[PDB]
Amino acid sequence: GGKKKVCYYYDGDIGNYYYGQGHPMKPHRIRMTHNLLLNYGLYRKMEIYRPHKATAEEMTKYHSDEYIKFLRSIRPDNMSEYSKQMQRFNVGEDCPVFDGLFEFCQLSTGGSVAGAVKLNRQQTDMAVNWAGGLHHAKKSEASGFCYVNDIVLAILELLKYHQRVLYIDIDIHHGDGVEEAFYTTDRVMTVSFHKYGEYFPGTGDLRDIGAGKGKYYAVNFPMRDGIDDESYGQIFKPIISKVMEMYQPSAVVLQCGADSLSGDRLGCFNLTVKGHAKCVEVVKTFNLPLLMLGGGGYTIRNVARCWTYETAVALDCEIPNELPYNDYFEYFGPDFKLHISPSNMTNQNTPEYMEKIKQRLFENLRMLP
């Protein structure tokens, strides 16, 4: 279906935001990604834009005015004055107050909304925002290191021009904030694959299918530890194909959280970069306007590898396994290769479990008109 025009969103300041000592979320991984893909020469094939800072007006298309006013006002130096408000909005522990928190939100969000605008205007086929994908943020509360739900905001932008928008989430966590925003509408179908069972956020059971007009428009594929490329690949393509057939969206948002990779400091899946990127390849085959977003990922060398390779996939550009020299070269030792190996961990997702969950979701997809 041809090679695609790709617009890529990046602000060079993003890597300077720091969640605090010991916090596993490292915005610097976005800068490592960017530097790696520049050193592969991928800037020659795509348009690179610096996102605007999304305004409080843009954010309150979804989020409450009280919550956004709080995020814009809270700082490490006035936290004592806001103790009550911090608890109301779930800020101060997993979602710390840090210097430049609101600007981080603005840049994360600006990339996603700007990409959606570019898609709406038919000026690109794909838009990429690796600083986006903050799927846990809720209307009036922070959650799981997420403050502003850039994904929901981008989908609201797409809904100006698209009757039906499909959201797909391959982060190891359930995309609960996105699901919740659109749970009672048929104008967005949310599809999340995630680890389920004693695992954050605790949502995304098979049986959560939407409500009201949105009944059957939320799809959740709960998984166990140790899922591998072959097991994931054999459910992802059939599920997404059936979704595309039955729902017929006109735009797609794909959250590419890299915490579903093998060796992730917080995740317990066993995907390689190739296995993760196969999801991008599958979605790309439908030739629909596509917004590719970031997400989790805590082994930062593997995040940079993953999103570099997925940018190359978006561009249909073959890149060598030998990493080019770059500003973070030592982070890619001891091998200095792009691709990763799976671990020897047991896959707790038996082939029968995978088929059975698939069959249950197919029964739900038969309820669409």
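In case it trips you up, residue 1 is the first one in the sequence shown, and so on.
Look at the mean CA B-factor for 117-125 and for 69-77 in the entry; the higher one is 69-77.
Averaged over their C-alpha atoms, the temperature factors of 297-305 and 313-321 are higher for 313-321.
Based on the entry's C-alpha B-factors, the most elevated value among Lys195, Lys278, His136, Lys84 belongs to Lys84. Across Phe89, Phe221, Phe236, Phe269, the greatest Cα temperature factor reported in the deposited entry is at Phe89.
Among all modelled residues in this chain, the alpha-carbon of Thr184 has a temperature factor (C-alpha) in the highest third. Split the chain's modelled residues into thirds by C-alpha temperature factor. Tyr147 is in the middle one. The PDB entry assigns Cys7 a C-alpha temperature factor belonging to the lowest third of its chain's modelled residues. When the modelled residues of the chain are ordered by C-alpha B-factor, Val283 sits in the middle third. In the PDB entry, a CA B factor belonging to the middle third of its chain's modelled residues is recorded for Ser241.
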